[PDB]
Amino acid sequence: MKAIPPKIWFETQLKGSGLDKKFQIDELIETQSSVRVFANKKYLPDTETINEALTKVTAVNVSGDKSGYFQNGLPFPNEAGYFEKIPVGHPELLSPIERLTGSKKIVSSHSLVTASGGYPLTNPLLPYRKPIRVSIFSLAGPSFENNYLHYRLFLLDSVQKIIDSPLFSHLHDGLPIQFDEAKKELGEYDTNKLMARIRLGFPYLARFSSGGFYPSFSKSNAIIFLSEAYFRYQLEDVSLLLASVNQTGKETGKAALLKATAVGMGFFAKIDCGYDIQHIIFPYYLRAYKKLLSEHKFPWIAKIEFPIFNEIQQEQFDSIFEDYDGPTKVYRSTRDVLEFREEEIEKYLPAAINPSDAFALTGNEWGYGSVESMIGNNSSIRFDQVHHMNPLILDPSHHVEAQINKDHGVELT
């Protein structure tokens, strides 16, 4: 009912959750000073815009903005379209286009981890005898939960007949961006090299011009996924990721063991929060690693472990990486994000992706309702990567600036 000051609302959640009893004063000083923000320069060109991306967010945000809390603790309004109508320059909240461009960053900390597991219902909470430290790289992947985030970059349909987003125009260079021309180019096929109709198994995913989605056995209204443009987006994300992991291992003097969590393959892969696109987009996530790991050494990333639990995903992995030559070892597992053996921790920098949200504080929801929230409950990440608790995330000396060349080489600061 009444709005609370945001720091005080956040610390009220730390007390209620019990997380303010897990970590000692001196431990939080260590993990908090290790915070880094790797910002893609093309999208986050200076200290003001980075710090706007980190602060002009809600506190809890799920179901594609349909429910959650503002930083002052008041609930989202019941009026749909509230967040899609936010203009650039709003004083408190990122606009849609600023949520896309502000997604081109990675926040890392060498955080304390007291437990692993707990999120998927069948994955028990397993406490560590004593806390370990993992470098956690928070990466907010493409979201398809609503119609006005990355839906606007990678889908052609009867309501969104053209792609319009000049800031991401490089993603569509030489690629079709109009719905009708795309249907003719495909002909009587579902796929070509640059694009593919979406199948949910056998039926098509279609959208009425009215606006609502529906499965159909007809090609006519079947939405088309701009797969090569999505692949170009992933190459920007994974490029930044591997560069900032490699750099973290270098500064530590230990090669990384990286848990390549399936960013964006869960909640973010559900168009309208109900049509699972994961089997379509996941191969391009995997091919973005394969391309980068075959063209660069990453001498301080020793091995990349892909936690993969679904049989189709597993065989997509085995198929994409049958070829894989590169020096970094790549392999899949059914092990939890935050589970490491004591032997690997002595040998490698333990590192893991937090599949995050560019419009919520790090940790997002306070239950075990997602991977990020699980991590937010098993680690010090809400102290280390939330500006209310760690002002250093706002300090420019904790920002690394990233320039992604055309070969996808990354130069850091």
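Residue positions are given as counts along the sequence shown, with the first one as 1.
| 222 to 230 versus 184 to 192 - greater average Cα B-factor per the deposited record | Between 184 to 192 and 222 to 230, it is 184 to 192.
| 136 to 144 or 294 to 302, whichever carries the higher mean Cα B-factor | Between 294 to 302 and 136 to 144, it is 294 to 302.
| Whose CA atom has the top B-factor in the entry, of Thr261, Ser239, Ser165, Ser108? | Each of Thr261, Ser239, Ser165, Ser108 was compared by C-alpha B-factor; the highest is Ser165.
| field | Of the residues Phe268, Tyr275, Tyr331, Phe208, the one carrying the largest Cα B-factor as recorded | value | Going by the entry's C-alpha B-factors, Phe208 comes out highest.
| Going by the entry, which third of its chain does the Cα temperature factor of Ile97 land in? | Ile97: CA B-factor falls in the lowest third of its chain.
| message | Which third, lowest, middle or highest, does the C-alpha temperature factor of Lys41 belong to within its own chain? | response | Highest third of the chain for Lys41's C-alpha B-factor.
| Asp318 CA temperature factor, ranked by third within the chain | For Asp318, the deposited C-alpha B-factor lands in the lowest third.
| message | What third of the chain does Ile281 rank in for C-alpha temperature factor, lowest, middle or highest? | response | Answer is lowest: the recorded C-alpha B-factor places it there.
| query | C-alpha B factor of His388, ranked within the chain: lowest, middle or highest third? | reply | Answer is middle: the recorded C-alpha B-factor places it there.
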